[PDB]
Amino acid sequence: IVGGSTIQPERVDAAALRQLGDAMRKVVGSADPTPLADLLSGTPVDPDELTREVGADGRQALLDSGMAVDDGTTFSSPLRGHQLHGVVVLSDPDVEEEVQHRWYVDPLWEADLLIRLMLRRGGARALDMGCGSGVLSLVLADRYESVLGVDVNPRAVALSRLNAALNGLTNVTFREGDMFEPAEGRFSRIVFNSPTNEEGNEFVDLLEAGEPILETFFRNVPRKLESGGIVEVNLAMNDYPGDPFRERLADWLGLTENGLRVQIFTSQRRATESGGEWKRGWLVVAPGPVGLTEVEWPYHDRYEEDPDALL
């Protein structure tokens, strides 16, 4: 079972983590793999060779944080390292649904894609709902005065704190809780890589939590959003006969009465035997004329061709 490892970033001092993060950044994804890169690829490594790379303190920090485990003759890691969009990120390896622990963290299934979709503006307060590994928080860090990540998974929170510290990000904070409960005040930016996929209405687990998690999210968005602010959501949507997702969404948001503008960019579609349709897409709330617009934009298709073409 994968996703139950103990993660304790508070056990390493801030400078030491940041230095580790710098060491990771120069080797993870390098064409010339070092012990550190091997470690973060899931390969057992010689601790002595590791020690030559990150020093004795770096070695101990790996252990104390839970980033490495002493097998006996080797170190290995339960985590996998990634470098993207200027940050390093550790998360769980990508594994089949049946072997995922309750507290398994999104292995970056879509994050790299979503960051390419994200608007480039900055502002005062940003909120990353269901922050997981923390990845979307990390890239918001340099253009927002503060970033808050929330997750109900306590291991995700620990992992996000770790990743923020690896990247030296002072203005990035994480709270454990249920949706908006720990998120005080309003935010100029709210991002949500929602735990919705194939489960429809029903809760399966923390990564497929059902449509009610979207209803909770959008019902509360207007009271958590700074006017003029921006909301971005990766989500699965179900259209049923006489019951399209977009009309449930408009109701949750109080779209007309609040005068909000919503754009849904639908990338993937699959008709269902109901006569309905499953969709995956990208939803944006942003200033503009009141209303909801849905356009078909195969950005997954584009991303497969050239990721840089969503730039």
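Start at 1 with the first residue shown and count on from there. Between two forms, the rigid core is the largest collection of C-alphas that superpose within 1.5 Å.
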TODO: Figure out for me whether 297-305 or 284-292 is the more displaced stretch in 6 other deposited structures of this protein, taking RMS C-alpha distance from the shown form once the rigid core is superposed.
DONE: 297-305
Task: Comparing 264-272 and 247-255 where Cα RMS over structures and residues is taken in 6 other deposited structures of this protein (core fit), larger one - done: 264-272
Task: Selected stretch [higher average CA B-factor]: 74-82 or 224-232 - done: 74-82
Task: Given 61-69 and 256-264, the range whose Cα B-factors average higher in the PDB entry - done: 256-264
Task: Cα B factor band for residue 102 (lowest, middle or highest third within the chain) - done: middle
Task: Ranked C-alpha temperature factor of residue 36 among modelled chain residues, by third - done: middle
Task: Chain-relative CA temperature factor third for residue 96 - done: highest
- [ ] State the tercile, meaning the lowest, middle or highest third, of residue 182 with respect to the CA B-factors recorded for its chain.
- [x] middle
Open item on the list: Test of reading the entry: by CA B factor among the chain's modelled residues, which third contains residue 240?
Closed with: highest
